[PDB]
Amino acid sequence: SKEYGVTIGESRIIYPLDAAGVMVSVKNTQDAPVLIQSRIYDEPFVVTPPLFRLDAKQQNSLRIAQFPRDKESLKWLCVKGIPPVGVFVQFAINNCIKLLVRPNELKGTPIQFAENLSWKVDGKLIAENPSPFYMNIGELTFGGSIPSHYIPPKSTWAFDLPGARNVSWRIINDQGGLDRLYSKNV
């Protein structure tokens, strides 16, 4: 048996548009040193340092430093812990969280608008998000379970249907917790 682990201090980052930067902690929970390799992916941003040695059990800080202004944009911050017939396999965890670029022009927060998802079925269960925020669904059931996905702002997302017509969902709030359960008849 061999254990691997990479912990990021937060499960998502809310990045205020044009902000100088934010700091996020990373921890090597493994008992061997690793190289921590950090990269930002599309769904312009600098991660310092992008590669550094993090010894066994050690934690360090990353700096993330910087788009439409009418809605959020989504990026992914990936943090990877790299080792610097017989079968030998080595693993490397690549821990990715949502980097949510949020204009100050935006009124409210996702939880204020989680209830406003409207739904229809064609083809596929379709959600409609009229809010300027990513609606990061963490729980979704239709007719009593659907692998959830975020609904992009001012946009739609089509889930595969898995004749009952209830849809229940929870978004993940800005703090990484599951929000209230909302339910509508479709």
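Residue numbers here begin at 1 and follow the sequence given.
**Q** Between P162 and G163, determine how many residues of the deposited chain lack coordinates; answer none if the chain runs continuously, otherwise 1 to 3, 4 to 9, or 10 or more.
**A** The entry has 4 to 9 unmodelled residues between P162 and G163.
**Q** Check the residues of the deposited sequence separating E43 from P44 and report how many of them have no coordinates, as none, 1 to 3, 4 to 9, or 10 or more.
**A** Unresolved stretch here: 4 to 9 residues.
**Q** Please compare 53-61 with 151-159 and name the stretch with the higher mean C-alpha B-factor in the deposited structure.
**A** For C-alpha atoms only, the mean B-factor is higher in 151-159.
**Q** Per the entry, where is the mean C-alpha temperature factor higher: 94-102 or 109-117?
**A** According to the PDB entry, the answer is 109-117.
**Q** Between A32, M135, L125, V26, which carries the biggest CA temperature factor in the record?
**A** Highest C-alpha B-factor among the listed residues goes to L125.
**Q** Report the option among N129, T48, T141, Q37 whose CA atom has the maximum B-factor in the deposited record.
**A** Result of the comparison over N129, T48, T141, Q37: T141.
**Q** Going by the recorded CA B-factors, say which third of the chain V79 sits in, lowest, middle or highest.
**A** It belongs to the lowest third of the chain when residues are ordered by C-alpha B-factor.
**Q** If you rank the chain by CA B-factor, which third does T7 end up in: lowest, middle or highest?
**A** Lowest third.
**Q** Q175's Cα B-factor: lowest, middle or highest third of the chain?
**A** Tercile = middle for this residue's CA B-factor.
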